[PDB]
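**Student:** PDB entry and its sequence, pasted below:
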Amino acid sequence: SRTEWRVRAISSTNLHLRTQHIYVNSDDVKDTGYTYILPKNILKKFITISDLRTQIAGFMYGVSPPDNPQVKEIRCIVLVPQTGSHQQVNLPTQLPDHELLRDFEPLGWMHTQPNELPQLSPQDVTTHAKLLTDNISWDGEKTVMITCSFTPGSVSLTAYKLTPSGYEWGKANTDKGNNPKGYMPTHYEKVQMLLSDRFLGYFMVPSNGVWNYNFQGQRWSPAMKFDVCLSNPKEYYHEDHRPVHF
């Protein structure tokens, strides 16, 4: 329905309201490790181009502040060609590559999620374990996952790191559902994160100007190759994201 598309596009412009009420779960995090600083400007933009029901994601890149070795500041988010569901996001096996990105530290990924969950999803652990094993540039000691859970009238953020055992389990997991065998809360660990407007972050999207393939699944595949470039991300229901035909 072309009309429905226009209606959804309209209601989605109210997503920014949720970024007025942001919550960060820093509850009982180990005092050992890194603290992640996410810029408010990119978290807000990330929410405005997202969707309440279908998850989206982006890879995070950042730097190490000269005066605090235990702090990692996220300065760039890369949106890759993708499709997703209420339970997960589907990303190409090929990591983004660009001269501008090579001098940053890969810090993991972030993604939206329909509801707040009592535990990190088994899917997230599996997706993260895959990203680690395949990419030598991904340091398990610094890469993390930030979940942006939509809660009534707001968004709730949490950052996690995989535990050595979680990495092992994730690398072997074969059932995408919500209760895989051997899944324990000891497979991941919460990490400290801050949402700050002290500095700004930037976005990089696919060079063809299309990151959202949720209405063009036939053009998406795990093996697809792509390039990226600096740019302001297009919303979920942007003109260029609609199906080749209704």
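**Tutor:** Received the coordinates, thanks. Numbers count the residues shown, from 1 in each chain.

**Student:** mind listing what's buried in the lengthiest helix in the chain?
**Tutor:** Ranked by number of residues, the top helix in the chain under DSSP state H is helix 122-134. Across helix 122-134, burial judged by 16 or more other Cβ atoms under 10 Å covers 122-129, 131-132. Yep, even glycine has a C-beta here, placed from its N, CA and C like the rest.

**Student:** could those residues go into CSV alongside distance to residue 115?
**Tutor:** Compiled in CSV, the buried residues of helix 122-134 are given as follows (distance: Cβ to Cβ, whole Å):
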residue, distance to residue 115
122, 15
123, 14
124, 14
125, 18
126, 19
127, 18
128, 20
129, 23
131, 23
132, 26
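
**Student:** tell me the one of those nearest residue 15?
**Tutor:** residue 124 (22.0 Å; Cβ to Cβ).

**Student:** so that closest one makes contact with residue 147?
**Tutor:** Yes: when contacts are counted by Cβ atoms under 8 Å, residue 124 is listed as touching residue 147 (7.2 Å).

**Student:** overlap of the contact sets of those two?
**Tutor:** Listed as contacting both residue 124 and residue 147 by Cβ atoms under 8 Å, 6 or more residues apart in numbering are 111, 160.

**Student:** need the strands for the protein, in chain order.
**Tutor:** Ranges of strands in the chain, per DSSP state E, are 22-24, 35-39, 57-63, 71-78, 83-84, 89-90, 105-113, 144-151, 154-162, 188-196, 202-206, 228-230.

**Student:** related to what we said a few turns ago, which one among the buried residues of helix 122-134 gets closest to residue 98?
**Tutor:** residue 131 (17.7 Å).

**Student:** for the spatially most central residue of the chain, list each beta-bridge partner.
**Tutor:** Centroid-nearest residue in the chain: residue 110, 2.2 Å away (criterion: Cα atoms, centre = their mean). In this entry, residue 110 is beta-bridged to residue 58, residue 146, by DSSP bridges.
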